[PDB]
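To start, the structure itself, in structure tokens.
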Amino acid sequence: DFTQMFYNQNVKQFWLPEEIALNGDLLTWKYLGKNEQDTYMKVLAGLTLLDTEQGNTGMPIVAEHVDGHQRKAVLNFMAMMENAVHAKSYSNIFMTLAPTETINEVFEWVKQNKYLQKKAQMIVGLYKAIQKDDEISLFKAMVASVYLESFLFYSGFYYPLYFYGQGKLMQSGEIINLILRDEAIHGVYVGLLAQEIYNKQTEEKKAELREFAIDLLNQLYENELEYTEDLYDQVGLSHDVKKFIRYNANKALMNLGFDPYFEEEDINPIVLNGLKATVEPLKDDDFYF
Amino acid sequence: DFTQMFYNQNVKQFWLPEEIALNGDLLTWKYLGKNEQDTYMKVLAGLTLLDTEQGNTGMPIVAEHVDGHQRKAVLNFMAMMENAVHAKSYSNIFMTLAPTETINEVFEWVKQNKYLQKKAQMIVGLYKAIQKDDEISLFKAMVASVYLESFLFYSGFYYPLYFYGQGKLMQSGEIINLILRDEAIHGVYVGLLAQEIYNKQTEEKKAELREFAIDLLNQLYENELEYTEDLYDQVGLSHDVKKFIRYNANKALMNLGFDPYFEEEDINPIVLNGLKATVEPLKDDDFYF
Amino acid sequence: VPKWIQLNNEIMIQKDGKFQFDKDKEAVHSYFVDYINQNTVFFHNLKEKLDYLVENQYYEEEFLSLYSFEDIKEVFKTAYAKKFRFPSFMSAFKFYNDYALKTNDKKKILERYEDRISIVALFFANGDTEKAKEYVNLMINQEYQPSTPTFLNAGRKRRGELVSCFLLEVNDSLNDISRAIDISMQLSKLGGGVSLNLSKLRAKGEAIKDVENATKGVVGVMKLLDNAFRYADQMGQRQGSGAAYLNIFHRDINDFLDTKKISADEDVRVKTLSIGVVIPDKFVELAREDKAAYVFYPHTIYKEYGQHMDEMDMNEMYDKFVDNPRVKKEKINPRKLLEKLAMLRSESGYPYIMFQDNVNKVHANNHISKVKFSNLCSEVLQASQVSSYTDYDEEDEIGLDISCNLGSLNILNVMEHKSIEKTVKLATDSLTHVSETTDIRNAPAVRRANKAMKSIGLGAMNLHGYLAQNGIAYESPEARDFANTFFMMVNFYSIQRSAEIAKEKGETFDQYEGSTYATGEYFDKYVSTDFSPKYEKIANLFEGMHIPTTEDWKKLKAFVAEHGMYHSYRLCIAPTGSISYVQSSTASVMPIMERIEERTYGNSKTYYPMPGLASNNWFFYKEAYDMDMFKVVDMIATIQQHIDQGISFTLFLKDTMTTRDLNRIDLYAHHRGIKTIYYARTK
Amino acid sequence: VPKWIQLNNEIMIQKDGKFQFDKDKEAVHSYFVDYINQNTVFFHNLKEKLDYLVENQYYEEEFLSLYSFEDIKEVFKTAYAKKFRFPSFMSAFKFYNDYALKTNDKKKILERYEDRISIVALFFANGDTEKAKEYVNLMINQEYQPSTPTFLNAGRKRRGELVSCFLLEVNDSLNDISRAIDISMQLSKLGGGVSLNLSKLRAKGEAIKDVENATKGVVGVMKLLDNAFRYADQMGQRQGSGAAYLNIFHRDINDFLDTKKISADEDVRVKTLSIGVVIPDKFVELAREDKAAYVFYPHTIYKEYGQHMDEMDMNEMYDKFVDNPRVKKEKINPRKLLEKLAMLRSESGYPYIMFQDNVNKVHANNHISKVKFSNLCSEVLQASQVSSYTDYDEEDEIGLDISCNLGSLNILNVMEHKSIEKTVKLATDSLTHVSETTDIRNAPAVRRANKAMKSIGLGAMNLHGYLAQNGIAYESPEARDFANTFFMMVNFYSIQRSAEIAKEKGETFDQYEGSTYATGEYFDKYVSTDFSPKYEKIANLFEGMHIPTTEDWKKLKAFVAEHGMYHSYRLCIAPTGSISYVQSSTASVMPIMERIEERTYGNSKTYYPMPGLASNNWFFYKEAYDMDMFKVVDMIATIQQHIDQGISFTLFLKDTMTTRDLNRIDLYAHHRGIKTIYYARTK
Ligand SMILES: Cc1cn([C@H]2C[C@H](O)[C@@H](COP(=O)(O)OP(=O)(O)OP(=O)(O)O)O2)c(=O)[nH]c1=O
Ligand SMILES: Nc1nc2c(ncn2[C@H]2C[C@H](O)[C@@H](COP(=O)(O)OP(=O)(O)O)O2)c(=O)[nH]1
Ligand SMILES: Nc1nc2c(ncn2[C@H]2C[C@H](O)[C@@H](COP(=O)(O)OP(=O)(O)O)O2)c(=O)[nH]1
Ligand SMILES: [Mg+2]
Ligand SMILES: [Mg+2]
Ligand SMILES: [Mn+2]
Ligand SMILES: [Mn+2]
Ligand SMILES: [Mn+2]
Ligand SMILES: [Mn+2]
């Protein structure tokens with residue numbers, strides 16, 4: 001009942017980072033403190049890693065196991081967006097704002113950062129555990145994918161949105177909003193596929209799947225807290241970002257058909273402001289009048 | 001040396017089925033004989049069936065085994081074009097020209113056809129034989145992929161190009177020309193990835209891979225001749241189609257860095273109509289001798 | 001923002017559900033009193049002004065020296081006595097931006113409208129004070145408008161030629177091709193548009209002195225001409241404009257048409273060269289019968305018969321060419337060629353279509369030659385004879401290359417003044433003077449044909465404006481009735497003026513005695529058929545103005561037979577592009593494209609309502625795209641029967657119509673006697 | 001695979017560690033016996049063959065009628081008395097594929113080598129049987145090779161011109177530019193390469209009769225000429241080749257060079273138009289001192305001084321141009337321009353470099369004009385006068401456009417026969433005959449200069465072959481000693497033959513009296529310096545041959561003063577591209593590019609060892625790329641001091657060579673007196 005409308009929405013949302021000129025951010029970037037620039041680079045690098053794996057691994061593997069040519073076409077399109085559009089856009093931003101050495105250093109930093117490695121290990125592990133014709137392993141990977149789309153990106157998205165909302169780094173911010181617009185529909189779509197599998201189960205099996213989903217969310221959440229503190233303490237925003245990730249965790253649960261898990265909190269209003277002619281043959285009668 | 005350049009060329013060639021209005025083809029379709037309509041339907045179904053294998057298996061399997069983030073992104077983009085753009089385009093052409101019952105029957109016929117099946121299963125067999133961390137099996141699959149993209153499609157493309165060059169079925173011919181333009185670049189790109197593997201091999205292993213490629217080409221070519229007579233004898237075109245197959249076989253070989261196998265031949269003109277050393281400054285004392 | 005363009009933009013602000021059309025009067029008033037009077041150089045007396053203009057190389061002393069300064073003063077008083085006021089901002093803006101004389105640094109304004117008109121009138125009169133006053137009255141009343149070259153350059157020292165349309169015949173030789181390139185660059189340097197006939201050139205794959213498959217065809221000459229026109233571009237302000245014409249039975253016709261395809265390669269496509277296709281009735285007959293047509297290699301026909309293919313009658317020699325084994329021919333599908341023509345016109349507006357037998361069945365000078373091609377504007381239809389440019393040491397055989405001086409009657413102002421006869425005769429005199437004072441010293445055939453044929457083109461504009469301001473629909477039969485009567489009267493008075501000029505000067509145009517005017521066959525439909533208006537509404541439009549009857553036409557026929565005709569050709573209806581704004585008139589006899597025309601000049605946006613547009617005649621100003629092209633063809637064919645040359649006929653197509661509809665319009669135009677089709681404009 | 005192709009391919013098969021060089025004799029023998037003798041049309045007698053050739057439009061009856069058939073039979077006897085054998089397969093293949101007369105369907109062979117040589121000799125002698133026999137002996141001994149046009153076309157009815165190098169001056173006017181395009185197409189039609197001097201054309205952004213910034217510059221003319229040469233493609237046989245020359249002090253020099261960049265825009269890039277840059281000593285002096293230089297707008301200089309910028313001496317006029325406020329200029333960096341030249345030559349081999357003051361410091365006809373530019377092959381250096389092509393009605397002012405006739409001495413065969421004097425004099429006579437019999441009807445300046453100057457070009461070839469077959473390294477001082485002596489003798493005997501022809505005909509070339517020959521200034525270095533060999537080995541090479549001494553040169557100077565000089569120009573060393581294979585000779589005076597030449601003809605690959613290559617002389621056949629370009633410059637400058645025109649000097653560069661190395665080679669060539677630099681060939 002939904003794939004065709006998602007197909008149409010995904011293809012109509014198609015974009016490339018080159019559509020957005022980035023040289024306009026040069027001055028507001030220059031004006032940020034060293035702490036702010038550091039957090040910003042690292043935040044986008046963490047996002048780049050997530051999209052790299054979502055494009056290389058997550059979306060293609062889910063596409064492989066989901067039945068139906070139209071469902072596969074949507075998932076293939078989403079996969080392309082992840083690595084050919086989203087992951088690449090971050091390099092466009094980096095290449096504009098930062099010198100090569102700072103770019104090299106931040107990519108080295110992703111490799112050695114323990115929270116980023118842990119979250120990649122956990123998510124990709126679940127993708128690679130999918131067994132052919134085994135719907136339960138597929139469900140588990142789809143939960144992981146929804147958590148990546150609708151929860152994990154948001155510790156990263158906070159900062160570009162926070163600046164956009166203050167009228168700073170607005171070209172980079174425009175790119176990020178386009179990425180976010182895509183991930184929102186990706187999270188909903190994968191959520192609907194996960195619910196399909198969940199709804200086939202016995203009540204006992206469903207109870208176990210909810211346990212899996214909640215245990216996984218809590219494990220990812222605890223790691224994300226440490227990641228958030230590590231990045232945002234130097235810019236004074238860790239508590240604010242934490243509220244934002246809890247907000248989005250609830251959206252991820254809802255995408256999976258589950259009740260919200262965290263209590264509602266006031267999000268920084270700045271971040272909320274951050275959101276030929278046809279050829280017809282001649283007839284014989286055309287020559288007489 | 002080449003992936004970013006191909007990335008650029010691929011994304012700038014992006015298109016959607018909806019861009020070409022198909023209904024005006026009915027004004028020339030109605031004037032074709034039964035044999036012409038039959039051949040066109042059968043050719044179209046042949047292309048559709050082969051392209052589906054490439055979208056569901058060929059491109060995604062190669063993307064899975066190739067190392068490199070940028071290569072995986074380009075390959076993902078190509079897989080997207082197969083599943084999201086090409087497959088919808090073929091379906092659109094069919095739905096415009098034939099009623100539902102006729103489409104189902106043509107696909108039943110072509111699905112049972114000996115020559116279409118022989119080539120489809122030969123290609124799919126090589127994709128299924130790729131082994132993790134074995135570059136030889138990957139190379140063999142890449143050869144199969146290049147043969148599909150740059151050679152096997154062309155016994156089929158001939159007919160729409162033949163009409164397109166005559167002013168018939170111009171809307172569907174425009175679509176086919178866009179598809180063909182994508183398959184050409186797909187073949188060239190996968191060809192470069194195959195040459196990379198080939199160049200890492202010993203001289204004895206190279207000779208062995210050359211023998212594999214020529215042997216495979218021979219098997220496919222002999223089946224193409226039979227496929228060609230089966231479809232095109234009823235419309236009197238087989239001689240010219242055979243010249244077009246050999247010409248495209250030579251292009252496929254050149255994509256794989258190999259010499260042409262067949263002598264140069266001229267192609268049907270209707271189908272044709274359808275288709276720094278080192279700067280160093282002068283530092284004085286160079287004007288005195 | 002300028003005050004005048006701010007006022008001009010208040011037209012679109014709809015007050016009480018209506019456009020504020022009166023803002024354009026305020027717009028032009030503000031334009032004058034805030035830009036023009038400020039930037040106008042004013043002298044103490046006209047004598048100081050004329051001395052300043054002559055001394056500083058702005059005017060020509062020779063033509064001003066034929067009048068005593070009292071006569072020039074009287075002429076200028078006559079111009080300023082009218083107290084002409086531009087009715088719209090666009091009229092004055094276009095005049096003072098395109099035609100008004102400016103200082104050498106393009107800083108201030110030297111000429112007003114009255115000054116330019118007086119100078120043009122004194123140039124026309126050539127020493128006659130009363131004739132100069134008559135010309136001043138004619139142009140200040142805006143009854144007649146000289147063409148852009150004449151109106152822009154009449155009496156100016158550093159000026160281009162007064163003629164801008166030239167037609168060249170290219171012979172099948174390298175010497176003739178080189179001379180064609182040279183003459184094209186020379187005429188483009190003068191500012192004129194050059195049309196070339198490429199039908200005599202042998203096709204691709206023909207022999208050049210017994211070595212076969214040696215000729216590059218007409219497309220190589222097309223590339224040569226395209227680069228020649230790109231080179232001679234006059235600073236690039238108005239880049240060199242050329243047109244190439246090919247007979248549809250030329251073998252290179254498909255390659256000739258492929259130069260305009262969007263998918264054409266850079267080694268084939270021509271960009272600055274318009275293309276026209278000459279279609280004999282034989283091709284239309286072959287396409288109608290769905291038979292197999294043949295395109296021919298011109299050199300084989302020339303070798304076999306001693307004449308060029310386009311110099312022969314295809315309707316009588318096509319079967320002989322097909323049956324001749326020594327003639328080389330290629331099989332084509334005429335209906336496929338017609339569909340390709342329609343597709344090319346839909347996608348690019350090209351080629352121009354000339355119906356050769358429609359031109360030549362009424363052509364008055366077939367004894368001199370048949371019309372084989374049209375001009376860049378696709379309305380000049382005159383006999384031409386190809387030149388034979390030989391080696392450097394040898395003498396050249398100079399033929400006849402077409403060129404005519406353009407001038408438009410303003411139908412609205414002529415009809416308001418009830419002055420068809422006087423306007424037509426004075427315009428004929430002015431065009432004759434422009435022809436006599438033109439001397440092209442680098443185009444020998446153009447010069448020879450200008451001296452011999454003495455051809456002029458007297459067009460008309462504001463046909464749709466006059467009809468819409470008189471409550472007549474363009475497609476209505478009453479509009480065609482008015483056009484019939486008006487253009488019959490224009491033809492009558494142009495023939496009368498030509499005969500009177502021949503009687504006064506004692507000379508006719510070269511080879512007049514073989515023309516249909518001399519034999520009297522031209523006047524058959526005029527002495528047999530009455531062209532008085534058939535509707536009482538139209539008949540009142542001509543009240544107070546004598547309409548020549550059959551007896552008047554018989555008297556004129558006797559007068560022409562006894563005195564001859566001075567001009568081989570007299571009437572041609574040109575597009576009249578930019579002078580239509582100055583005259584506050586609709587362009588040519590074609591219907592309007594937009595009721596209110598929106599344009600951007602520099603970084604300023606301004607709107608031009610059609611002349612006389614209001615709420616009482618809003619729906620009579622029907623846009624050309626919304627009307628039936630069959631009725632427009634009917635109107636143009638009604639006008640064409642009184643015009644000796646052609647009419648620049650633009651086809652206004654909607655996006656919905658296919659190539660079949662364009663082909664149907666072309667075939668109906670051919671059926672109705674349309675001589676040429678100019679453009680396929682799509683909205 | 002043909003048997004001769006297999007045998008020729010066995011050369012690369014190394015037997016006993018050496019190439020099988022003897023297989024090429026087997027290859028040529030098999031080629032003849034299996035293909036040539038089978039495909040050679042044979043006639044019962046020579047009379048029947050001659051009658052068939054004249055009556056079937058193969059030969060010209062005019063030159064053959066000058067002899068009784070007995071004389072022609074004896075000439076053919078003399079040609080066949082030598083029993084000439086092609087030493088290599090490539091010699092016979094090249095002759096019978098490029099120069100041998102074939103049937104109209106190109107199926108059989110009418111002419112053998114002896115028949116072609118006999119016909120060429122009979123055409124040269126112009127009725128003299130003994131002279132024809134002398135020419136037969138000269139050519140069958142392969143001491144003298146007429147150029148490809150002369151050798152291929154002499155005595156043929158359907159022939160091109162015997163001259164293929166033309167040099168045109170283009171005046172700064174549209175009339176002259178159109179005439180230049182016409183003449184370029186006419187000469188390219190004849191099959192000749194055309195060189196155009198664009199230095200007189202005013203730069204981009206210059207005024208055209210009070211309209212400032214209106215000229216497209218030399219690049220618009222470059223595009224026109226490129227399309228003209230593309231159209232005039234020699235009847236679709238061989239691509240039309242033309243050259244454009246611009247002074248380095250021309251304002252458009254950077255635009256001129258940008259037409260050859262790989263990244264050039266399609267509206268700037270020219271494809272079939274070679275470019276050459278003329279560099280006066282002033283530019284090299286400015287670059288040497290790193291002073292910022294000025295390029296000048298030519299029309300400002302012409303308006304200020306009444307003379308063209310390239311008509312004036314830049315060494316004295318540069319400071320006056322710079323200090324003149326009415327002369328327009330822009331600053332350039334001469335060193336950056338030199339580096340751009342070197343980069344362009346590395347990338348594409350262009351432009352040709354002509355050192356203006358090196359040419360004109362030894363030019364013998366500076367009174368007529370300075371040498372301003374060279375030909376398409378960069379060896380023709382003659383005085384030219386620009387023509388003033390006026391309007392069609394007016395009379396043109398015809399100047400002098402350069403066109404010289406080419407011939408090549410075979411240094412090896414001339415040296416082995418000890419016949420420098422006889423070969424030089426007979427070659428001079430043949431070149432004079434070709435000059436007199438050449439009449440071009442569409443290039444008036446070329447024809448006038450051919451009639452007046454009577455300039456010929458007598459080149460040399462097989463220098464490296466002769467040296468390597470005599471155990472002399474090309475870069476060795478002994479090689480330069482031999483070149484000095486040999487070309488001094490060639491110059492001596494060419495001057496002597498020219499003075500003898502002047503005495504016989506009683507006429508010299510036009511404006512000879514102002515030349516350095518008339519004043520004796522030409523002979524100063526010859527009556528003051530001895531040019532006998534300084535090495536015993538080289539002096540032994542000239543044994544049995546009188547080397548002209550200082551007294552002989554004084555006698556020649558007196559003879560020239562008494563009787564005059566018939567040819568303004570006599571010696572120019574052309575590349576001699578395809579005739580070198582037929583003569584079994586190394587191309588021109590250049591060193592060999594490869595020891596064994598690998599080429600593919602059809603689907604079969606062929607191998608061509610350099611003539612005389614063996615095991616003993618393998619390392620004397622040093623490849624040009626392995627050579628020191630400074631020593632090659634030294635050799636060419638040694639030869640250049642005895643050649644009145646230039647020498648086609650190709651630079652052979654390695655891939656490792658930088659822009660600085662190419663610039664150093666160019667500057668050392670300028671320092672050593674090199675007149676022109678042809679090509680930058682990179683390995
Ligand atoms: C010289 C030349 C001619 N042509 C074409 C253009 C002309 O229309 C046509 C005639 O060339 P001509 O200049 O008339 O050549 P010609 O007189 O020697 O040949 P012929 O005896 O047949 O008249 O040949 C080319 O296409 N390319 C060329 O290079
Ligand atoms: N004074 C003046 N008159 C001009 C100029 N341009 C055109 N004219 C026209 C206006 C009059 O109709 C005519 C005579 O003007 P004038 O020479 O001032 O004469 P007058 O007003 O003393 O009779 O010339 C102009 O620049 N100055
Ligand atoms: N017979 C003959 N001779 C040819 C031909 N082409 C060139 N020649 C040369 C060979 C001789 O040197 C010369 C005379 O040949 P011939 O006419 O047979 O003379 P002869 O030996 O009978 O007196 O012409 C040719 O085709 N046939
Ligand atoms: Mg001719
Ligand atoms: Mg001039
Ligand atoms: Mn993403
Ligand atoms: Mn996503
Ligand atoms: Mn596909
Ligand atoms: Mn593909």
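Letters A, B, ... mark the chains of the structure tokens in the order given; residue numbers begin at 1 per chain; ligand numbers begin at 1, in order shown.
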
Interface residues on chain B facing chain A, 6 Å, only C-alpha atoms, written as a PyMOL selection string: chain B and resi 73+76-77+80+83-84

For chain D against ligand 1, with a cut-off of 6 Å and counting only C-alpha atoms and all ligand atoms, what is the closest atom pair and its distance in Å to one decimal for every residue that makes the cut, ordered by chain and number, as a Markdown table?
```
| residue | atom | partner | partner_atom_place_in_ligand_line | distance |
| --- | --- | --- | --- | --- |
| D:189 | CA | ligand 1 | 1 (C) | 5.0 |
| D:231 | CA | ligand 1 | 27 (N) | 5.7 |
| D:232 | CA | ligand 1 | 29 (O) | 3.4 |
| D:233 | CA | ligand 1 | 29 (O) | 5.0 |
| D:234 | CA | ligand 1 | 29 (O) | 5.2 |
| D:235 | CA | ligand 1 | 29 (O) | 5.0 |
```

Selected residues, N, CA, C and O atoms, written as a PDB file, in the first residue's frame, please.
```
ATOM      1  N   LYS D 189      43.606  23.678 -53.830  1.00  0.00           N
ATOM      2  CA  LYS D 189      42.978  22.864 -54.864  1.00  0.00           C
ATOM      3  C   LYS D 189      44.023  22.246 -55.783  1.00  0.00           C
ATOM      4  O   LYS D 189      43.914  21.076 -56.167  1.00  0.00           O
ATOM      5  N   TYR D 231      37.803  23.027 -46.666  1.00  0.00           N
ATOM      6  CA  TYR D 231      36.947  22.869 -47.837  1.00  0.00           C
ATOM      7  C   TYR D 231      37.763  22.486 -49.065  1.00  0.00           C
ATOM      8  O   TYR D 231      37.407  21.551 -49.792  1.00  0.00           O
ATOM      9  N   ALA D 232      38.863  23.198 -49.315  1.00  0.00           N
ATOM     10  CA  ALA D 232      39.731  22.920 -50.458  1.00  0.00           C
ATOM     11  C   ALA D 232      40.682  21.783 -50.087  1.00  0.00           C
ATOM     12  O   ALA D 232      41.885  21.959 -49.887  1.00  0.00           O
ATOM     13  N   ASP D 233      40.106  20.583 -50.000  1.00  0.00           N
ATOM     14  CA  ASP D 233      40.812  19.403 -49.520  1.00  0.00           C
ATOM     15  C   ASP D 233      41.391  18.564 -50.650  1.00  0.00           C
ATOM     16  O   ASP D 233      41.472  17.335 -50.521  1.00  0.00           O
ATOM     17  N   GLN D 234      41.780  19.196 -51.759  1.00  0.00           N
ATOM     18  CA  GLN D 234      42.406  18.512 -52.892  1.00  0.00           C
ATOM     19  C   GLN D 234      41.510  17.397 -53.432  1.00  0.00           C
ATOM     20  O   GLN D 234      41.927  16.245 -53.566  1.00  0.00           O
ATOM     21  N   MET D 235      40.261  17.755 -53.735  1.00  0.00           N
ATOM     22  CA  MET D 235      39.272  16.823 -54.279  1.00  0.00           C
ATOM     23  C   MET D 235      39.065  15.615 -53.370  1.00  0.00           C
ATOM     24  O   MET D 235      38.843  14.498 -53.845  1.00  0.00           O
TER      25      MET D 235
END
```

Cα RMSD of chain D after least-squares fit onto chain C, all atoms paired in order: 0.3 Å

Protein and nucleic residues near ligand 7, 8 Å, only C-alpha atoms and all ligand atoms, as a PyMOL selection string: chain A and resi 51+54+78-79+81-82+148-149+182-187

Ligand 2 neighbours within 6 Å using only C-alpha atoms and all ligand atoms, as a PyMOL selection string: chain C and resi 42-47+49+73+76-77+80+115

Grab the residues selected above and save them as a compact mmCIF listing (two decimals), in the first residue's frame with N, CA, C and O atoms.
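To be explicit, this is the file written out as part25.txt:
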```txt
# COMPACT_ATOMS: atom_id res chain seq x y z
N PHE C 42 20.60 71.08 -27.47
CA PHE C 42 19.78 72.14 -28.04
C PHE C 42 20.68 73.28 -28.49
O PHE C 42 21.55 73.73 -27.74
N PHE C 43 20.47 73.75 -29.71
CA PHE C 43 21.24 74.83 -30.31
C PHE C 43 20.39 76.09 -30.37
O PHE C 43 19.16 76.04 -30.31
N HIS C 44 21.07 77.23 -30.48
CA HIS C 44 20.36 78.51 -30.50
C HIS C 44 19.42 78.60 -31.69
O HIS C 44 18.28 79.06 -31.56
N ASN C 45 19.88 78.17 -32.86
CA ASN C 45 19.04 78.14 -34.05
C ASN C 45 19.37 76.88 -34.85
O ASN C 45 20.38 76.22 -34.62
N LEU C 46 18.49 76.56 -35.80
CA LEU C 46 18.68 75.37 -36.62
C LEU C 46 19.95 75.47 -37.46
O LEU C 46 20.56 74.44 -37.79
N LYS C 47 20.37 76.69 -37.82
CA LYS C 47 21.59 76.85 -38.61
C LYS C 47 22.80 76.36 -37.84
O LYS C 47 23.65 75.65 -38.40
N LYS C 49 22.77 74.15 -35.45
CA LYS C 49 22.64 72.70 -35.34
C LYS C 49 23.12 72.00 -36.60
O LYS C 49 23.89 71.04 -36.53
N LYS C 73 14.81 75.21 -43.25
CA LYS C 73 14.06 75.75 -42.12
C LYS C 73 12.57 75.51 -42.29
O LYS C 73 11.88 75.15 -41.34
N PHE C 76 11.85 71.88 -41.54
CA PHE C 76 11.88 71.61 -40.11
C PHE C 76 10.66 72.20 -39.40
O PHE C 76 10.14 71.61 -38.45
N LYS C 77 10.20 73.37 -39.85
CA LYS C 77 8.95 73.92 -39.32
C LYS C 77 7.78 73.00 -39.62
O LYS C 77 6.92 72.78 -38.76
N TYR C 80 7.93 70.15 -37.16
CA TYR C 80 7.58 70.53 -35.79
C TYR C 80 6.19 71.12 -35.68
O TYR C 80 5.66 71.21 -34.56
N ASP C 115 13.55 65.98 -36.19
CA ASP C 115 14.83 66.19 -36.87
C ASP C 115 15.16 65.03 -37.80
O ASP C 115 15.54 65.23 -38.95
```

Distance filter 12 Å around ligand 5, atoms: only C-alpha atoms and all ligand atoms, out as a PyMOL selection string: chain D and resi 171-177+200-202+206-210+215+299+302-303+388-391

Picked from region 518-575 of chain C by DSSP as alpha helix (DSSP H), as a list in words: residues 518, 519, 524, 525, 526, 527, 528, 536, 537, 538, 539, 540, 541, 550, 551, 552, 553, 554, 555, 556, 557, 558, 559, 560, 561, 562 and 563 of chain C

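When chain A serves as the reference and chain B is fitted to it on all C-alpha atoms, the deviation left is 8.7 Å RMSD.
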
Selection near residue 481 (chain D), 8 Å with only C-alpha atoms, sequence-local residues under 6 positions removed, as a PyMOL selection string: chain D and resi 533-535+538

Contacts of residue 40 (chain A) within 9 Å, only C-alpha atoms, excl. fewer than 2 positions in-chain, as a ChimeraX atom specification: /A:35-38,42-45,156,159-160,231
